[PDB]
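What follows is the content of final-v9.cif, which has mmCIF, N, CA and C atoms:
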data_entry
loop_
_atom_site.label_atom_id
_atom_site.label_comp_id
_atom_site.auth_asym_id
_atom_site.auth_seq_id
_atom_site.Cartn_x
_atom_site.Cartn_y
_atom_site.Cartn_z
N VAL B 24 -4.12 -8.06 12.31
CA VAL B 24 -5.33 -8.91 12.12
C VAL B 24 -5.52 -9.19 10.62
N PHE B 25 -4.47 -9.08 9.86
CA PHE B 25 -4.58 -9.34 8.39
C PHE B 25 -4.43 -10.85 8.14
N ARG B 26 -4.29 -11.62 9.18
CA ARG B 26 -4.16 -13.10 9.00
C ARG B 26 -4.51 -13.79 10.32
N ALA B 27 -5.51 -14.63 10.30
CA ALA B 27 -5.93 -15.34 11.54
C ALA B 27 -4.82 -16.29 11.99
N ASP B 28 -4.76 -16.59 13.26
CA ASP B 28 -3.71 -17.51 13.78
C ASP B 28 -3.98 -18.93 13.27
N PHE B 29 -3.98 -19.14 11.97
CA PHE B 29 -4.24 -20.51 11.41
C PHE B 29 -2.96 -21.03 10.75
N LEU B 30 -2.50 -22.19 11.14
CA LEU B 30 -1.26 -22.76 10.53
C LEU B 30 -0.17 -21.68 10.46
N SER B 31 -0.36 -20.57 11.13
CA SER B 31 0.66 -19.48 11.10
C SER B 31 1.89 -19.89 11.92
N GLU B 32 3.05 -19.47 11.50
CA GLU B 32 4.30 -19.81 12.25
C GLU B 32 4.38 -21.33 12.44
N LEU B 33 3.76 -22.08 11.57
CA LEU B 33 3.79 -23.57 11.66
C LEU B 33 3.65 -24.02 13.12
N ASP B 34 4.70 -24.57 13.68
CA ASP B 34 4.65 -25.04 15.10
C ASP B 34 5.79 -24.40 15.89
N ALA B 35 7.01 -24.62 15.47
CA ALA B 35 8.17 -24.02 16.19
C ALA B 35 9.47 -24.43 15.48
N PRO B 36 9.55 -24.20 14.20
CA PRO B 36 10.75 -24.55 13.39
C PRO B 36 12.00 -23.76 13.82
N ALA B 37 13.15 -24.37 13.72
CA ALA B 37 14.41 -23.67 14.12
C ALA B 37 14.94 -22.83 12.96
N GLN B 38 15.52 -23.47 11.98
CA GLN B 38 16.08 -22.72 10.82
C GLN B 38 14.97 -22.42 9.81
N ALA B 39 15.13 -21.37 9.05
CA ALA B 39 14.11 -21.00 8.03
C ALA B 39 14.64 -19.83 7.21
N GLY B 40 15.38 -18.95 7.83
CA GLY B 40 15.93 -17.78 7.09
C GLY B 40 14.79 -16.86 6.67
N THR B 41 14.02 -16.37 7.60
CA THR B 41 12.88 -15.48 7.25
C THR B 41 13.39 -14.05 7.05
N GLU B 42 12.57 -13.19 6.48
CA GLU B 42 12.98 -11.77 6.24
C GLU B 42 11.86 -10.83 6.69
N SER B 43 10.92 -10.55 5.82
CA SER B 43 9.82 -9.62 6.19
C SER B 43 8.81 -10.33 7.11
N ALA B 44 8.10 -9.58 7.90
CA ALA B 44 7.09 -10.18 8.82
C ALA B 44 6.35 -9.05 9.54
N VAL B 45 7.00 -8.42 10.48
CA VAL B 45 6.37 -7.29 11.23
C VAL B 45 6.96 -5.97 10.76
N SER B 46 7.94 -6.01 9.91
CA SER B 46 8.56 -4.75 9.40
C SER B 46 9.07 -4.96 7.97
N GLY B 47 8.21 -4.78 7.00
CA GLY B 47 8.64 -4.97 5.58
C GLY B 47 9.16 -3.64 5.04
N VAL B 48 9.25 -2.65 5.87
CA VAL B 48 9.76 -1.32 5.41
C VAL B 48 11.26 -1.43 5.15
N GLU B 49 11.82 -2.59 5.37
CA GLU B 49 13.28 -2.78 5.15
C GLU B 49 13.67 -2.29 3.76
N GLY B 50 13.45 -3.09 2.75
CA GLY B 50 13.81 -2.69 1.36
C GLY B 50 12.62 -2.93 0.43
N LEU B 51 11.54 -3.48 0.97
CA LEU B 51 10.31 -3.79 0.16
C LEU B 51 10.65 -3.94 -1.33
N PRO B 52 11.39 -4.97 -1.67
CA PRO B 52 11.79 -5.22 -3.07
C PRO B 52 10.61 -5.14 -4.06
N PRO B 53 9.46 -5.68 -3.71
CA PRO B 53 8.26 -5.64 -4.60
C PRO B 53 7.79 -4.21 -4.89
N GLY B 54 7.19 -3.99 -6.03
CA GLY B 54 6.71 -2.61 -6.37
C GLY B 54 5.72 -2.14 -5.30
N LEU B 55 6.22 -1.67 -4.18
CA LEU B 55 5.33 -1.20 -3.07
C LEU B 55 5.75 0.21 -2.64
N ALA B 56 4.82 0.98 -2.16
CA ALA B 56 5.12 2.37 -1.71
C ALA B 56 4.38 2.61 -0.39
N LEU B 57 4.97 3.33 0.52
CA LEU B 57 4.31 3.59 1.85
C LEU B 57 4.12 5.09 2.05
N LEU B 58 3.10 5.45 2.78
CA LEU B 58 2.81 6.88 3.07
C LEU B 58 2.93 7.09 4.58
N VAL B 59 3.63 8.11 5.00
CA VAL B 59 3.81 8.37 6.47
C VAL B 59 3.22 9.73 6.84
N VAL B 60 2.44 9.77 7.88
CA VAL B 60 1.82 11.05 8.30
C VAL B 60 2.91 11.98 8.83
N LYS B 61 3.32 12.94 8.05
CA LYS B 61 4.39 13.87 8.50
C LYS B 61 3.90 14.67 9.71
N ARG B 62 2.68 15.14 9.68
CA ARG B 62 2.15 15.92 10.84
C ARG B 62 0.64 15.73 10.94
N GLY B 63 0.14 15.55 12.13
CA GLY B 63 -1.33 15.37 12.30
C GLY B 63 -1.62 14.71 13.65
N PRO B 64 -2.88 14.60 14.02
CA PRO B 64 -3.27 13.97 15.32
C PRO B 64 -2.69 12.56 15.48
N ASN B 65 -2.74 11.77 14.44
CA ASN B 65 -2.20 10.38 14.51
C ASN B 65 -0.84 10.34 13.82
N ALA B 66 0.13 11.02 14.37
CA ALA B 66 1.48 11.05 13.75
C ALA B 66 2.17 9.69 13.90
N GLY B 67 2.94 9.29 12.92
CA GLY B 67 3.65 7.97 13.00
C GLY B 67 2.84 6.90 12.27
N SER B 68 1.64 7.23 11.89
CA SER B 68 0.79 6.24 11.17
C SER B 68 1.41 5.93 9.80
N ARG B 69 1.28 4.70 9.35
CA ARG B 69 1.84 4.31 8.02
C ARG B 69 0.80 3.52 7.23
N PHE B 70 0.80 3.65 5.93
CA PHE B 70 -0.18 2.91 5.08
C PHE B 70 0.59 2.12 4.02
N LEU B 71 0.24 0.88 3.82
CA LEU B 71 0.96 0.04 2.81
C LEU B 71 0.12 -0.06 1.54
N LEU B 72 0.68 0.31 0.42
CA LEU B 72 -0.09 0.24 -0.86
C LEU B 72 0.29 -1.03 -1.61
N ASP B 73 -0.62 -1.96 -1.72
CA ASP B 73 -0.31 -3.23 -2.43
C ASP B 73 -0.56 -3.05 -3.93
N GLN B 74 0.07 -2.06 -4.52
CA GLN B 74 -0.09 -1.81 -5.98
C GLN B 74 -1.57 -1.74 -6.36
N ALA B 75 -1.84 -1.75 -7.65
CA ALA B 75 -3.25 -1.69 -8.14
C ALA B 75 -3.85 -0.32 -7.85
N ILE B 76 -5.12 -0.30 -7.51
CA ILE B 76 -5.82 0.99 -7.21
C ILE B 76 -6.20 1.02 -5.73
N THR B 77 -5.84 2.07 -5.04
CA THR B 77 -6.17 2.19 -3.59
C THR B 77 -7.00 3.46 -3.36
N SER B 78 -8.22 3.31 -2.93
CA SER B 78 -9.08 4.50 -2.68
C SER B 78 -8.78 5.08 -1.30
N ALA B 79 -9.22 6.29 -1.03
CA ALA B 79 -8.97 6.92 0.31
C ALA B 79 -10.28 7.45 0.88
N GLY B 80 -10.49 7.31 2.16
CA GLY B 80 -11.75 7.80 2.79
C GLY B 80 -12.75 6.65 2.88
N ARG B 81 -12.64 5.69 2.00
CA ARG B 81 -13.58 4.53 2.04
C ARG B 81 -13.33 3.70 3.30
N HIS B 82 -14.39 3.17 3.87
CA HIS B 82 -14.25 2.33 5.10
C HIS B 82 -14.12 0.85 4.71
N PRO B 83 -14.86 0.39 3.73
CA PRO B 83 -14.81 -1.04 3.27
C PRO B 83 -13.40 -1.52 2.92
N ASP B 84 -13.24 -2.17 1.80
CA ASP B 84 -11.90 -2.69 1.40
C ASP B 84 -11.02 -1.53 0.95
N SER B 85 -10.14 -1.08 1.79
CA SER B 85 -9.24 0.05 1.41
C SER B 85 -8.10 0.16 2.43
N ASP B 86 -6.88 0.21 1.96
CA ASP B 86 -5.72 0.30 2.89
C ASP B 86 -5.81 1.59 3.71
N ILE B 87 -6.18 2.67 3.09
CA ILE B 87 -6.28 3.96 3.83
C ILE B 87 -7.62 4.05 4.56
N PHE B 88 -7.58 4.29 5.85
CA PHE B 88 -8.83 4.39 6.66
C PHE B 88 -8.79 5.68 7.48
N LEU B 89 -9.25 6.77 6.91
CA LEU B 89 -9.23 8.07 7.64
C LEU B 89 -10.64 8.38 8.15
N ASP B 90 -10.92 8.06 9.38
CA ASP B 90 -12.27 8.33 9.95
C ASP B 90 -12.30 9.74 10.55
N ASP B 91 -12.80 10.70 9.81
CA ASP B 91 -12.86 12.10 10.34
C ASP B 91 -13.89 12.90 9.55
N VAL B 92 -14.16 14.11 9.97
CA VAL B 92 -15.16 14.94 9.24
C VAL B 92 -14.65 15.22 7.83
N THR B 93 -13.38 15.51 7.69
CA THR B 93 -12.82 15.81 6.34
C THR B 93 -12.58 14.51 5.57
N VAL B 94 -12.05 14.62 4.37
CA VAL B 94 -11.77 13.41 3.54
C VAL B 94 -13.08 12.68 3.25
N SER B 95 -13.69 12.99 2.13
CA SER B 95 -14.98 12.34 1.75
C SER B 95 -14.76 10.83 1.56
N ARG B 96 -15.72 10.16 0.99
CA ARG B 96 -15.59 8.69 0.77
C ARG B 96 -14.43 8.40 -0.18
N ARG B 97 -14.28 9.20 -1.21
CA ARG B 97 -13.16 9.00 -2.19
C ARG B 97 -12.46 10.33 -2.44
N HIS B 98 -12.25 11.10 -1.40
CA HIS B 98 -11.57 12.42 -1.55
C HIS B 98 -10.35 12.28 -2.47
N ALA B 99 -9.67 11.17 -2.40
CA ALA B 99 -8.47 10.98 -3.27
C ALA B 99 -8.34 9.50 -3.64
N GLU B 100 -7.74 9.22 -4.76
CA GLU B 100 -7.58 7.80 -5.21
C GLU B 100 -6.19 7.63 -5.82
N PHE B 101 -5.62 6.46 -5.71
CA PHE B 101 -4.26 6.20 -6.28
C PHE B 101 -4.37 5.14 -7.37
N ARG B 102 -3.64 5.30 -8.45
CA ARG B 102 -3.69 4.30 -9.57
C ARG B 102 -2.26 3.93 -9.96
N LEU B 103 -2.01 2.67 -10.19
CA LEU B 103 -0.64 2.22 -10.57
C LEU B 103 -0.53 2.12 -12.09
N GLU B 104 0.45 2.75 -12.68
CA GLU B 104 0.63 2.67 -14.16
C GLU B 104 2.12 2.60 -14.49
N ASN B 105 2.47 1.87 -15.52
CA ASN B 105 3.91 1.75 -15.91
C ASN B 105 4.75 1.49 -14.66
N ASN B 106 4.27 0.66 -13.77
CA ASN B 106 5.03 0.34 -12.53
C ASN B 106 5.33 1.63 -11.75
N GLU B 107 4.44 2.59 -11.80
CA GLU B 107 4.66 3.87 -11.06
C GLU B 107 3.34 4.31 -10.40
N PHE B 108 3.40 4.62 -9.14
CA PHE B 108 2.16 5.03 -8.41
C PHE B 108 1.73 6.43 -8.87
N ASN B 109 0.45 6.70 -8.87
CA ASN B 109 -0.04 8.04 -9.31
C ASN B 109 -1.19 8.49 -8.40
N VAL B 110 -1.56 9.74 -8.47
CA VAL B 110 -2.67 10.25 -7.61
C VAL B 110 -3.74 10.87 -8.52
N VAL B 111 -4.99 10.51 -8.32
CA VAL B 111 -6.09 11.08 -9.17
C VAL B 111 -7.13 11.74 -8.26
N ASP B 112 -7.58 12.90 -8.68
CA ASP B 112 -8.52 13.73 -7.87
C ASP B 112 -9.97 13.63 -8.37
N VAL B 113 -10.86 13.04 -7.59
CA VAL B 113 -12.30 12.96 -8.02
C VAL B 113 -13.06 14.12 -7.37
N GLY B 114 -12.37 14.93 -6.62
CA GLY B 114 -13.03 16.09 -5.94
C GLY B 114 -13.41 17.16 -6.97
N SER B 115 -14.54 17.79 -6.79
CA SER B 115 -14.98 18.86 -7.74
C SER B 115 -14.08 20.09 -7.61
N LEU B 116 -13.81 20.76 -8.70
CA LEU B 116 -12.95 21.99 -8.67
C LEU B 116 -11.79 21.82 -7.68
N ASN B 117 -11.94 22.36 -6.50
CA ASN B 117 -10.84 22.26 -5.49
C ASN B 117 -10.86 20.87 -4.85
N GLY B 118 -9.72 20.41 -4.39
CA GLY B 118 -9.66 19.06 -3.75
C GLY B 118 -8.21 18.66 -3.52
N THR B 119 -7.89 17.41 -3.74
CA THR B 119 -6.49 16.93 -3.53
C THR B 119 -5.53 17.67 -4.47
N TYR B 120 -4.39 18.06 -3.97
CA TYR B 120 -3.38 18.78 -4.82
C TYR B 120 -1.98 18.28 -4.45
N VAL B 121 -1.01 18.50 -5.31
CA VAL B 121 0.39 18.04 -5.01
C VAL B 121 1.34 19.24 -5.06
N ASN B 122 2.22 19.35 -4.09
CA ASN B 122 3.17 20.50 -4.06
C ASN B 122 2.39 21.81 -4.05
N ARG B 123 1.27 21.83 -3.38
CA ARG B 123 0.44 23.07 -3.31
C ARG B 123 0.05 23.50 -4.73
N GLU B 124 -0.39 22.58 -5.54
CA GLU B 124 -0.79 22.93 -6.94
C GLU B 124 -1.99 22.05 -7.34
N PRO B 125 -3.14 22.62 -7.67
CA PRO B 125 -4.33 21.80 -8.06
C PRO B 125 -4.21 21.26 -9.49
N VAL B 126 -4.15 19.96 -9.64
CA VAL B 126 -4.03 19.36 -11.01
C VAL B 126 -4.96 18.15 -11.14
N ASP B 127 -5.30 17.79 -12.35
CA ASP B 127 -6.20 16.62 -12.56
C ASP B 127 -5.53 15.35 -12.04
N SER B 128 -4.26 15.20 -12.30
CA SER B 128 -3.54 13.98 -11.82
C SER B 128 -2.03 14.23 -11.87
N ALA B 129 -1.26 13.50 -11.11
CA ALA B 129 0.22 13.72 -11.13
C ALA B 129 0.93 12.40 -10.81
N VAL B 130 2.16 12.27 -11.24
CA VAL B 130 2.92 11.01 -10.97
C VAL B 130 3.69 11.14 -9.65
N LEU B 131 3.55 10.18 -8.78
CA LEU B 131 4.26 10.24 -7.47
C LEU B 131 5.71 9.80 -7.63
N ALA B 132 6.58 10.27 -6.78
CA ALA B 132 8.03 9.89 -6.87
C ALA B 132 8.64 9.93 -5.46
N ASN B 133 9.70 9.19 -5.26
CA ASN B 133 10.35 9.16 -3.91
C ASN B 133 10.70 10.57 -3.44
N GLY B 134 10.39 10.89 -2.21
CA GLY B 134 10.71 12.25 -1.67
C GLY B 134 9.59 13.22 -2.02
N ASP B 135 8.45 12.72 -2.43
CA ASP B 135 7.32 13.62 -2.79
C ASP B 135 6.44 13.85 -1.56
N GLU B 136 5.77 14.98 -1.51
CA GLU B 136 4.88 15.29 -0.35
C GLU B 136 3.42 15.35 -0.83
N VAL B 137 2.54 14.67 -0.14
CA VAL B 137 1.09 14.67 -0.53
C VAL B 137 0.26 15.18 0.65
N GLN B 138 -0.64 16.09 0.41
CA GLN B 138 -1.49 16.64 1.51
C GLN B 138 -2.96 16.37 1.20
N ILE B 139 -3.64 15.66 2.07
CA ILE B 139 -5.09 15.35 1.84
C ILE B 139 -5.93 15.89 3.01
N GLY B 140 -6.95 16.63 2.71
CA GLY B 140 -7.82 17.18 3.80
C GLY B 140 -6.98 17.93 4.83
N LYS B 141 -7.15 17.60 6.08
CA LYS B 141 -6.39 18.28 7.16
C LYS B 141 -5.20 17.41 7.57
N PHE B 142 -5.07 16.26 6.97
CA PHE B 142 -3.94 15.35 7.31
C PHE B 142 -2.81 15.55 6.29
N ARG B 143 -1.58 15.43 6.73
CA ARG B 143 -0.41 15.60 5.81
C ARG B 143 0.35 14.28 5.72
N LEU B 144 0.56 13.79 4.52
CA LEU B 144 1.29 12.50 4.34
C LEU B 144 2.42 12.69 3.33
N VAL B 145 3.45 11.89 3.41
CA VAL B 145 4.59 12.01 2.46
C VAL B 145 4.74 10.70 1.68
N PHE B 146 4.84 10.79 0.38
CA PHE B 146 4.97 9.57 -0.46
C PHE B 146 6.45 9.19 -0.57
N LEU B 147 6.79 8.01 -0.10
CA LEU B 147 8.21 7.55 -0.15
C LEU B 147 8.26 6.12 -0.70
N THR B 148 9.35 5.76 -1.34
CA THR B 148 9.49 4.38 -1.91
C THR B 148 10.81 3.78 -1.44
N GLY B 149 10.94 2.48 -1.49
CA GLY B 149 12.20 1.84 -1.03
C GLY B 149 13.30 2.07 -2.07
N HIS B 150 14.16 3.02 -1.83
CA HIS B 150 15.26 3.30 -2.80
C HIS B 150 16.40 2.29 -2.60
N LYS B 151 17.20 2.09 -3.61
CA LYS B 151 18.34 1.14 -3.50
C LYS B 151 19.55 1.89 -2.95
N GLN B 152 19.42 3.18 -2.74
CA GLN B 152 20.55 3.97 -2.20
C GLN B 152 21.81 3.69 -3.02
N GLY B 153 21.64 3.16 -4.20
CA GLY B 153 22.83 2.85 -5.06
C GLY B 153 23.42 4.14 -5.63
N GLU B 154 23.56 4.22 -6.92
CA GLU B 154 24.15 5.45 -7.54
C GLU B 154 23.31 6.68 -7.20
N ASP B 155 23.95 7.76 -6.83
CA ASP B 155 23.20 9.01 -6.48
C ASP B 155 23.13 9.91 -7.71
N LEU B 156 23.49 9.39 -8.85
CA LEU B 156 23.45 10.21 -10.09
C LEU B 156 21.99 10.49 -10.49
N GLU B 157 21.69 11.72 -10.81
CA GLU B 157 20.30 12.08 -11.23
C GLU B 157 20.37 13.22 -12.24
N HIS B 158 20.36 14.44 -11.78
CA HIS B 158 20.43 15.60 -12.72
C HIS B 158 21.07 16.80 -12.02
N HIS B 159 22.20 17.24 -12.51
CA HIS B 159 22.87 18.41 -11.88
C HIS B 159 23.91 18.97 -12.86
N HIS B 160 24.00 20.26 -12.97
CA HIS B 160 24.99 20.88 -13.91
C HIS B 160 26.06 21.62 -13.10
N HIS B 161 27.24 21.08 -13.03
CA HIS B 161 28.34 21.75 -12.27
C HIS B 161 29.35 22.33 -13.26
N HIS B 162 28.88 23.00 -14.28
CA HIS B 162 29.81 23.59 -15.30
C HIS B 162 29.23 24.91 -15.84
N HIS B 163 30.07 25.89 -16.03
CA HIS B 163 29.59 27.21 -16.56
C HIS B 163 28.41 27.69 -15.72
#
Structure translated into structure tokens:
Amino acid sequence: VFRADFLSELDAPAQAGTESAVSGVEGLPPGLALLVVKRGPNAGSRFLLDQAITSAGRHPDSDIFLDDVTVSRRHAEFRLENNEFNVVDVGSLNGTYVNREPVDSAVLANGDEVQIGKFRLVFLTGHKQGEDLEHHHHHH
């Protein structure tokens, strides 16, 4: 329901060479990141972050919509910087944490795990699966 059936799909064109539509999780070339509920009542749920700042717990304009007793209005918030997604904690003392560690803020990265309230989500990005070179010492 993110787009009313207006001038959508034009009329019935044959050729067009379309790509994304109902599944942009393909390679999402644009600076986009998705969160998947690793475990919880609504398993399989996915959230699309359109860059910028995305609040959590808020019902109004917000990609994340967690309607439950836990997760306050802004239990957690995400901010984009240097083309890199980040997580910021507005919770007093205890609150959102990363890798089971309470910190003021942390930088998200592919293969990272994020836990909010009683729901568990994993932060993943569209990797190019190109060179697997990163950091490893196979000497001495």
Can you tell me, as lines of an AutoDock Vina configuration file, the centre and edge lengths (Å, one decimal) of the axis-aligned box enclosing all of range 26-37 of chain B's listed atoms after padding each side by 6 Å?
center_x = 4.5
center_y = -18.3
center_z = 12.6
size_x = 32.9
size_y = 25.4
size_z = 19.2
Neighbour list for residue 69 in chain B as a PyMOL selection string, cut-off 6.5 Å, all atoms listed in the file, skip fewer than 2 positions in-chain
chain B and resi 57-60+67+71
Go ahead and save the picked residues with N, CA and C atoms, as a JSON list (two decimals), in the coordinates of the input.
[["chain", "number", "residue", "atom", "x", "y", "z"],
["B", 57, "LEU", "N", 4.97, 3.33, 0.52],
["B", 57, "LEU", "CA", 4.31, 3.59, 1.85],
["B", 57, "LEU", "C", 4.12, 5.09, 2.05],
["B", 58, "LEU", "N", 3.10, 5.45, 2.78],
["B", 58, "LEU", "CA", 2.81, 6.88, 3.07],
["B", 58, "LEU", "C", 2.93, 7.09, 4.58],
["B", 59, "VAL", "N", 3.63, 8.11, 5.00],
["B", 59, "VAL", "CA", 3.81, 8.37, 6.47],
["B", 59, "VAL", "C", 3.22, 9.73, 6.84],
["B", 60, "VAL", "N", 2.44, 9.77, 7.88],
["B", 60, "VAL", "CA", 1.82, 11.05, 8.30],
["B", 60, "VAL", "C", 2.91, 11.98, 8.83],
["B", 67, "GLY", "N", 2.94, 9.29, 12.92],
["B", 67, "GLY", "CA", 3.65, 7.97, 13.00],
["B", 67, "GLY", "C", 2.84, 6.90, 12.27],
["B", 71, "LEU", "N", 0.24, 0.88, 3.82],
["B", 71, "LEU", "CA", 0.96, 0.04, 2.81],
["B", 71, "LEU", "C", 0.12, -0.06, 1.54]]
Matched chain/residue IDs from the PyMOL selection byres ((chain B and resi 98) around 7), as a list in words
residues 78, 79, 80, 81, 94, 95, 96, 97, 99, 100, 111, 112, 113, 114, 118 and 119 of chain B
Output of the above residues as a PDB file, in the coordinates of the input, restricted to N, CA and C atoms:
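Done, and the output landed in again27.pdb:
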ATOM      1  N   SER B  78      -8.220   3.310  -2.930  1.00  0.00           N
ATOM      2  CA  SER B  78      -9.080   4.500  -2.680  1.00  0.00           C
ATOM      3  C   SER B  78      -8.780   5.080  -1.300  1.00  0.00           C
ATOM      4  N   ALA B  79      -9.220   6.290  -1.030  1.00  0.00           N
ATOM      5  CA  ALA B  79      -8.970   6.920   0.310  1.00  0.00           C
ATOM      6  C   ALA B  79     -10.280   7.450   0.880  1.00  0.00           C
ATOM      7  N   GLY B  80     -10.490   7.310   2.160  1.00  0.00           N
ATOM      8  CA  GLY B  80     -11.750   7.800   2.790  1.00  0.00           C
ATOM      9  C   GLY B  80     -12.750   6.650   2.880  1.00  0.00           C
ATOM     10  N   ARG B  81     -12.640   5.690   2.000  1.00  0.00           N
ATOM     11  CA  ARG B  81     -13.580   4.530   2.040  1.00  0.00           C
ATOM     12  C   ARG B  81     -13.330   3.700   3.300  1.00  0.00           C
ATOM     13  N   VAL B  94     -12.050  14.620   4.370  1.00  0.00           N
ATOM     14  CA  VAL B  94     -11.770  13.410   3.540  1.00  0.00           C
ATOM     15  C   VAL B  94     -13.080  12.680   3.250  1.00  0.00           C
ATOM     16  N   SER B  95     -13.690  12.990   2.130  1.00  0.00           N
ATOM     17  CA  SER B  95     -14.980  12.340   1.750  1.00  0.00           C
ATOM     18  C   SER B  95     -14.760  10.830   1.560  1.00  0.00           C
ATOM     19  N   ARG B  96     -15.720  10.160   0.990  1.00  0.00           N
ATOM     20  CA  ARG B  96     -15.590   8.690   0.770  1.00  0.00           C
ATOM     21  C   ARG B  96     -14.430   8.400  -0.180  1.00  0.00           C
ATOM     22  N   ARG B  97     -14.280   9.200  -1.210  1.00  0.00           N
ATOM     23  CA  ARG B  97     -13.160   9.000  -2.190  1.00  0.00           C
ATOM     24  C   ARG B  97     -12.460  10.330  -2.440  1.00  0.00           C
ATOM     25  N   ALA B  99      -9.670  11.170  -2.400  1.00  0.00           N
ATOM     26  CA  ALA B  99      -8.470  10.980  -3.270  1.00  0.00           C
ATOM     27  C   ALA B  99      -8.340   9.500  -3.640  1.00  0.00           C
ATOM     28  N   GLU B 100      -7.740   9.220  -4.760  1.00  0.00           N
ATOM     29  CA  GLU B 100      -7.580   7.800  -5.210  1.00  0.00           C
ATOM     30  C   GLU B 100      -6.190   7.630  -5.820  1.00  0.00           C
ATOM     31  N   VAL B 111      -4.990  10.510  -8.320  1.00  0.00           N
ATOM     32  CA  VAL B 111      -6.090  11.080  -9.170  1.00  0.00           C
ATOM     33  C   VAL B 111      -7.130  11.740  -8.260  1.00  0.00           C
ATOM     34  N   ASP B 112      -7.580  12.900  -8.680  1.00  0.00           N
ATOM     35  CA  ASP B 112      -8.520  13.730  -7.870  1.00  0.00           C
ATOM     36  C   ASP B 112      -9.970  13.630  -8.370  1.00  0.00           C
ATOM     37  N   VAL B 113     -10.860  13.040  -7.590  1.00  0.00           N
ATOM     38  CA  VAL B 113     -12.300  12.960  -8.020  1.00  0.00           C
ATOM     39  C   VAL B 113     -13.060  14.120  -7.370  1.00  0.00           C
ATOM     40  N   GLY B 114     -12.370  14.930  -6.620  1.00  0.00           N
ATOM     41  CA  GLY B 114     -13.030  16.090  -5.940  1.00  0.00           C
ATOM     42  C   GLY B 114     -13.410  17.160  -6.970  1.00  0.00           C
ATOM     43  N   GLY B 118      -9.720  20.410  -4.390  1.00  0.00           N
ATOM     44  CA  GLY B 118      -9.660  19.060  -3.750  1.00  0.00           C
ATOM     45  C   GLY B 118      -8.210  18.660  -3.520  1.00  0.00           C
ATOM     46  N   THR B 119      -7.890  17.410  -3.740  1.00  0.00           N
ATOM     47  CA  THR B 119      -6.490  16.930  -3.530  1.00  0.00           C
ATOM     48  C   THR B 119      -5.530  17.670  -4.470  1.00  0.00           C
TER      49      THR B 119
END
Å distance separating CA of residue 136 in chain B from CA of residue 61 in chain B, one decimal place
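Going from CA of residue 136 in chain B over to CA of residue 61 in chain B covers 9.0 Å.
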Give one line per residue of range 92-124 of chain B that approaches range 146-156 of chain B to at most 12 Å, naming the two atoms of the closest pair and their distance in Å to one decimal, counting only C-alpha atoms; sort by chain then ascending residue number and deliver it as JSON lines.
{"residue": "B:101", "atom": "CA", "partner": "B:146", "partner_atom": "CA", "distance": 11.4}
{"residue": "B:107", "atom": "CA", "partner": "B:148", "partner_atom": "CA", "distance": 10.4}
{"residue": "B:108", "atom": "CA", "partner": "B:146", "partner_atom": "CA", "distance": 9.6}
{"residue": "B:109", "atom": "CA", "partner": "B:146", "partner_atom": "CA", "distance": 10.3}
{"residue": "B:110", "atom": "CA", "partner": "B:146", "partner_atom": "CA", "distance": 10.5}
{"residue": "B:121", "atom": "CA", "partner": "B:146", "partner_atom": "CA", "distance": 10.6}
{"residue": "B:122", "atom": "CA", "partner": "B:146", "partner_atom": "CA", "distance": 11.6}
Using the chain letters and residue numbers of this document, give as a list in words the residues selected by the PyMOL selection byres ((chain B and resi 141) around 6.5).
residues 63, 93, 94, 139, 140, 142 and 143 of chain B
Pairwise distance for CA of residue 106 in chain B and CA of residue 54 in chain B, rounded to one decimal in Å:
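CA of residue 54 in chain B lies 7.0 Å from CA of residue 106 in chain B.
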Would you mind reading off the distance between CA of residue 82 in chain B and CA of residue 43 in chain B, one decimal, in Å?
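Separating CA of residue 82 in chain B from CA of residue 43 in chain B is a distance of 26.9 Å.
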Please identify all polymer residues lying at most 8 Å from the point (-0.4, -8.7, 9.8) (file coordinates), using all atoms listed in the file, and present the result as a list in words.
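Collected hits near the coordinates: residues 24, 25, 26, 27, 44 and 45 of chain B.
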Could you please write out, as an NGL selection string, every residue of chain B that DSSP assigns to strand (DSSP E)?
:B and (56-62 or 69-72 or 76-79 or 99-104 or 107-111 or 120-121 or 128-130 or 135-139 or 142-148)
Would you mind putting back N, CA, C and O atoms on range 114-119 of chain B, then writing it out as a PDB file, in the coordinates of the input?
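Output file out14.pdb follows:
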ATOM      1  N   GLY B 114     -12.370  14.930  -6.620  1.00  0.00           N
ATOM      2  CA  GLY B 114     -13.030  16.090  -5.940  1.00  0.00           C
ATOM      3  C   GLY B 114     -13.410  17.160  -6.970  1.00  0.00           C
ATOM      4  O   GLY B 114     -12.688  17.419  -7.910  1.00  0.00           O
ATOM      5  N   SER B 115     -14.540  17.790  -6.790  1.00  0.00           N
ATOM      6  CA  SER B 115     -14.980  18.860  -7.740  1.00  0.00           C
ATOM      7  C   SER B 115     -14.080  20.090  -7.610  1.00  0.00           C
ATOM      8  O   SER B 115     -13.647  20.440  -6.523  1.00  0.00           O
ATOM      9  N   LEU B 116     -13.810  20.760  -8.700  1.00  0.00           N
ATOM     10  CA  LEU B 116     -12.950  21.990  -8.670  1.00  0.00           C
ATOM     11  C   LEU B 116     -11.790  21.820  -7.680  1.00  0.00           C
ATOM     12  O   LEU B 116     -10.777  21.233  -7.986  1.00  0.00           O
ATOM     13  N   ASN B 117     -11.940  22.360  -6.500  1.00  0.00           N
ATOM     14  CA  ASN B 117     -10.840  22.260  -5.490  1.00  0.00           C
ATOM     15  C   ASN B 117     -10.860  20.870  -4.850  1.00  0.00           C
ATOM     16  O   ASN B 117     -11.878  20.217  -4.771  1.00  0.00           O
ATOM     17  N   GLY B 118      -9.720  20.410  -4.390  1.00  0.00           N
ATOM     18  CA  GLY B 118      -9.660  19.060  -3.750  1.00  0.00           C
ATOM     19  C   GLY B 118      -8.210  18.660  -3.520  1.00  0.00           C
ATOM     20  O   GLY B 118      -7.376  19.459  -3.144  1.00  0.00           O
ATOM     21  N   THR B 119      -7.890  17.410  -3.740  1.00  0.00           N
ATOM     22  CA  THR B 119      -6.490  16.930  -3.530  1.00  0.00           C
ATOM     23  C   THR B 119      -5.530  17.670  -4.470  1.00  0.00           C
ATOM     24  O   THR B 119      -5.818  17.873  -5.632  1.00  0.00           O
TER      25      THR B 119
END
